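**Q** Provided herewith is a single structure, encoded as structure tokens, for subsequent inquiry.
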Amino acid sequence: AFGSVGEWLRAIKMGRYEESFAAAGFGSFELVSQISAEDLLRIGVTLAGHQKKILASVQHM
Ligand SMILES: [Cl-]
């Protein structure tokens with residue numbers, strides 16, 4: 001378990017997206033667990049490799 005979405009993003013080397021997750025309203029794991037590729041694109045994860053890494057990480061929840 002992570003203490004916050006930030007801690008999670010940081011842990012999976014995706015800390016660069018912290019502010020953009022938070023501003024888009026993804027501040028709980030309940031929301032992030034339902035995240036899709038379209039969501040990731042909307043908030044600014046433009047790289048498919050980062051999208052894949054993020055989505056593979058959430059598929060654990
Ligand atoms: Cl934090």
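Letters for chains follow the order of the structure tokens (A, B, ...), residue numbers begin at 1 for each chain, and ligand numbers begin at 1 in the order shown.
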Do you know which residues are at most 12 Å from residue 30 of chain A counting only C-alpha atoms, after dropping those on the same chain fewer than 4 positions away, and could you put them as an MDAnalysis selection string?
**A** chainID A and resid 4:5 25:26 34:35 58 61
**Q** Using only N, CA, C and O atoms, please write the residues we just selected to a file, as a PDB file, in the first residue's frame.
**A**
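Written file, selection-v1.pdb:
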```
ATOM      1  N   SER A   4      -0.080   7.742  -0.642  1.00  0.00           N
ATOM      2  CA  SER A   4      -0.734   8.672  -1.562  1.00  0.00           C
ATOM      3  C   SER A   4      -0.461   8.303  -3.024  1.00  0.00           C
ATOM      4  O   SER A   4       0.428   7.502  -3.310  1.00  0.00           O
ATOM      5  N   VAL A   5      -1.238   8.889  -3.937  1.00  0.00           N
ATOM      6  CA  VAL A   5      -1.030   8.738  -5.385  1.00  0.00           C
ATOM      7  C   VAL A   5       0.371   9.219  -5.792  1.00  0.00           C
ATOM      8  O   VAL A   5       1.043   8.570  -6.595  1.00  0.00           O
ATOM      9  N   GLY A  25      -7.811  15.593 -10.912  1.00  0.00           N
ATOM     10  CA  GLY A  25      -8.718  15.040  -9.917  1.00  0.00           C
ATOM     11  C   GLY A  25      -8.536  13.564  -9.637  1.00  0.00           C
ATOM     12  O   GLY A  25      -9.448  12.920  -9.138  1.00  0.00           O
ATOM     13  N   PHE A  26      -7.365  13.022  -9.971  1.00  0.00           N
ATOM     14  CA  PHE A  26      -7.023  11.642  -9.612  1.00  0.00           C
ATOM     15  C   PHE A  26      -6.214  11.615  -8.322  1.00  0.00           C
ATOM     16  O   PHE A  26      -5.004  11.386  -8.350  1.00  0.00           O
ATOM     17  N   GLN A  34      -9.518   2.743 -11.756  1.00  0.00           N
ATOM     18  CA  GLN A  34     -10.409   2.721 -12.918  1.00  0.00           C
ATOM     19  C   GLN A  34      -9.874   3.545 -14.094  1.00  0.00           C
ATOM     20  O   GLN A  34     -10.562   3.713 -15.105  1.00  0.00           O
ATOM     21  N   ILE A  35      -8.651   4.053 -13.956  1.00  0.00           N
ATOM     22  CA  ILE A  35      -8.032   4.877 -14.990  1.00  0.00           C
ATOM     23  C   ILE A  35      -7.884   4.096 -16.301  1.00  0.00           C
ATOM     24  O   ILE A  35      -7.601   2.899 -16.291  1.00  0.00           O
ATOM     25  N   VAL A  58      -1.484  -0.251 -12.222  1.00  0.00           N
ATOM     26  CA  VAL A  58      -2.835  -0.204 -11.649  1.00  0.00           C
ATOM     27  C   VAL A  58      -3.565  -1.550 -11.730  1.00  0.00           C
ATOM     28  O   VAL A  58      -4.386  -1.849 -10.860  1.00  0.00           O
ATOM     29  N   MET A  61      -4.365  -3.459  -8.691  1.00  0.00           N
ATOM     30  CA  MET A  61      -5.357  -2.996  -7.714  1.00  0.00           C
ATOM     31  C   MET A  61      -6.734  -3.582  -8.016  1.00  0.00           C
ATOM     32  O   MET A  61      -6.945  -4.792  -7.910  1.00  0.00           O
TER      33      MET A  61
END
```
**Q** Check every protein, DNA and RNA residue against ligand 1, keep those with an atom at most 12 Å away (counting only C-alpha atoms and all ligand atoms), and present them as a PyMOL selection string.
**A** chain A and resi 2-11+15+18-19+21-22+27-28
**Q** When you look at segment 50-55 of chain A with a cut-off of 9 Å (counting only C-alpha atoms), what residues show up, excluding the ones that are within fewer than 2 positions of it in the same chain? I need them as number ranges by chain.
**A** A: 9, 12, 14, 33, 35-37, 40-41, 45-48, 57-59
**Q** Just asking: which residues within segment 2-50 of chain A are helix (DSSP H, G or I) according to DSSP, as an NGL selection string?
**A** :A and (5-11 or 15-23 or 29-32 or 37-43 or 48-50)
